[PDB]
């Protein structure tokens, strides 16, 4: 049980890496606490909890209230998984909307920074913790016509080494996983997986020649939450089949 007795809070669990991460963390023995904007609704909480028995859906959805509630459940949080996702909008220079660029930055850089400000103080008092940004490999290569999206992922990735330095003396590590080409609801959803021509083009440009599994991304994030990853910090770990 690699995460035996670790309390992991995963944000926006209905998006991006939430399910993979919940699934693996539970299989590795974690206590999982999950936030989602939908979790003010009992039926959404019930559906998550019935799919992932042992995971707890938090009924507070706003940041400060959600953290206070997460902390009340067991008294502490061992790892924060900041699972943040805004749509990658096709946005050539000539059509890109500045308001969408600001919204991408809000979701992918300002919001996870806020959550870190809320959770970090409890970790410091413990002298232990893990903060994992679930992010994108895209800034490592760049993507024509998606520069606002890539730039906002870069802003996210660009918190990591500074926060690592700032929290490292309290033994808390800070890392990101730079995902790409992983089956997920935000970027590689089922409709895309069923487009044979899209898939042929995509997999021809990945060294492993396939898309990644949400369980692979989950296992990566889980590994960075574990005790065994305690000497890794400040890092953005590419998880894109060799594409970066």
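Positions refer to the first chain, counted from 1.
Chemist: Look over 31 to 39 and 198 to 206 in the entry and identify the one with the greater average Cα temperature factor.
Modeler: According to the PDB entry, the answer is 198 to 206.
Chemist: For the stretches 150 to 158 and 97 to 105, which has the higher mean C-alpha B-factor as given in the deposited record?
Modeler: Averaging CA B-factors over each stretch, the winner is 97 to 105.
Chemist: Among 64, 219, 177, 57, which carries the highest Cα B-factor?
Modeler: Most elevated C-alpha B-factor of the set, per the entry: 64.
Chemist: Using only the C-alpha B-factors in the record, can you name which of 73, 141, 165, 130 has the highest?
Modeler: Of the options given, 73 has the highest CA B-factor in the PDB entry.
Chemist: Within this chain's modelled residues, let me know which third the CA B factor of residue 82 belongs to: lowest, middle or highest.
Modeler: Lowest third, going by the recorded CA B-factors of the chain.
Chemist: Which third of the chain holds residue 1 when residues are ordered by C-alpha B factor: lowest, middle or highest?
Modeler: Residue 1: CA B-factor falls in the highest third of its chain.
Chemist: What third of its chain's C-alpha B-factors does residue 115 belong to: lowest, middle or highest?
Modeler: Highest third, going by the recorded CA B-factors of the chain.
Chemist: Hey, what third does residue 136 fall into on Cα B-factor, ranked over its chain?
Modeler: Bottom third by C-alpha B-factor.
Chemist: Going by the recorded CA B-factors, say which third of the chain residue 145 sits in, lowest, middle or highest.
Modeler: CA B-factor rank for residue 145: middle third.
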